[PDB]
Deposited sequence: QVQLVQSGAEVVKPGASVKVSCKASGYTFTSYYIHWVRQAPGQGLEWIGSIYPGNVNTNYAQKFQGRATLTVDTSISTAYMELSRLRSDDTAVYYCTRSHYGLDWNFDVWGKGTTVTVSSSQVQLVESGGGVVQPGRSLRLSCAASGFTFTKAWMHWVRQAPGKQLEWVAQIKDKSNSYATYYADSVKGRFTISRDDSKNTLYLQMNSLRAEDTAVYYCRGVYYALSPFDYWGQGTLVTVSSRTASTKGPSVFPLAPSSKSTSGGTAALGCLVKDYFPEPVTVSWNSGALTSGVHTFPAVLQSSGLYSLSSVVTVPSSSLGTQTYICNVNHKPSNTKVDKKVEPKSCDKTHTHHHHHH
C-alpha cells in the first residue's frame, strides 16, 4: 500500500514559520518526485514546489522562492516543507504528493493534507471596527494588545489614505503621564483616543467624519527606555461615504436552554450588511447546528438565530460558545451560552 502520511494540524502566528512533514511508505522514496500543493479554504489548488529525493534537486514556484524550503530525510523516507514569514492568506490545507514514475508533471499519490491556520489573534496589535460611515456621523475603532507590557507603552493611531503617505492621528500616554492625549490639528475636537489598561485595549472615537478621513487606520505602540519597540497593528479601512449604507457590527445575545434533548443558541442582531459567519466552540461543534437565514428588520439591520440541539446531560459539563464574525465591520464576538441558574 503506497501511502503518504502527513503531520498534524498546526496553528501558527503571522510572521512565524511552519514546517510540515510527509512520511512515504510502500515504495522507494528516492526514485519519485515529491510535490507540495496547497488549498485555501473554499478555493482551488496551488503548486508550491517539488523535490527529487534521490539528488535533492528542487523547483519552486516564483511566488514561493525564498520563502518555502523543501527538504528530505532519506533515512526515514520523509519530506518536509517549511514556509516562513506567514501571512493571512497562507491558511490552507497543505498536501504532499508523489509523481508517477519517471516524470514530475502529475500528482499520482496524495497525502490527506495538513491544516495550517495562521491565527488572526496572535499578534502584538489587532484592530476591531471599521467599514462605511456617513459624512457627519461617528464610528469607533478599538485595538487589542498582546505580547508586550501595554501599560508602559505610548499608544498611537496613524492613518493612510489610499495611495498617500502615513499621517499621524493621535497619541495617548501612560498612567505616569496622566494618560495625556495629543492630536493632529485636523482631528482636534472630533476624535478622541482612549485606553483601558485592564483590558489591554486602545480606542479611537471618531465624530463628525469627513470624506478626507477615509483611510486605513493603524494602531501603534511605542516604547523606548532599555528594550525599545514600535509595533503596528493590521490596519482597518474606514470609508466615509454617503453613497453606501453604513456598516454596523452585530450584537449577540444568548438563547439559554430551558429549565432528553435540549436546544440553545445565539441571537445575532443589528448588523449590516450581510454576511455574518457563526460557529460553535470555535468549530468543534457542528452536528445539530442550524444557522437560519438573516432577515432585514424594520430598523434596516439584519438579525438571525443560530441554534444547536445537545443532550441535556451535557448542560452541566460542556461549555457552549457561539463565535460570530462580521467581516464588513471587522468585528468578532464570542458569547458563552449557559443554563440560567436560579
Exercise. Which ranges of the deposited chain go unmodelled, in order along the sequence?
Worked result: 260-264, 348-358
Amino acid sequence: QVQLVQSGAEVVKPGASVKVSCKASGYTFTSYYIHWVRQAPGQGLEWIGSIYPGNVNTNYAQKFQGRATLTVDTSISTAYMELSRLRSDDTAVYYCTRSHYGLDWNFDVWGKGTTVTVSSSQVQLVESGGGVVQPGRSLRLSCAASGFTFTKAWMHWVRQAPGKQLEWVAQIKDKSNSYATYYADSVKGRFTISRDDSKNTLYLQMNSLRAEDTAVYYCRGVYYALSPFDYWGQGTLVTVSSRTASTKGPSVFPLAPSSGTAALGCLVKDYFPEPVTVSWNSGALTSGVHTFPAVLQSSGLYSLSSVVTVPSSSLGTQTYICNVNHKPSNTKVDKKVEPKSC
From here on, numbers count along this sequence of modelled residues.
Exercise. Hey, which bit's got the bigger mean C-alpha B factor in the entry, 314-322 or 16-24?
Worked result: 314-322
Seminar exercise, completed: Of 31-39 vs 59-67, the stretch with the larger average CA B-factor in the entry is 59-67
Seminar exercise, completed: Among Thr91, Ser198, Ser128, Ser84, the highest C-alpha B-factor in the PDB entry belongs to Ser198
Exercise. Per the coordinate record, which of the options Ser303, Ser306, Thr309, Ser50 holds the highest CA temperature factor?
Worked result: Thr309
Seminar exercise, completed: Of the three thirds of Cα B-factor ranks in this chain, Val118 occupies the middle
Problem set entry | Third of the chain, ranked by Cα B-factor, where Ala284 sits | highest
Seminar exercise, completed: Assert third(CA B-factor, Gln165) within chain per record equals lowest
For this session: Name the third of the chain's ranked CA B-factors that contains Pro254, choosing lowest, middle or highest.
Result: middle
For this session: Would you check the entry's CA temperature factor for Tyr231 and let me know if it's in the chain's lowest, middle or highest third?
Result: lowest
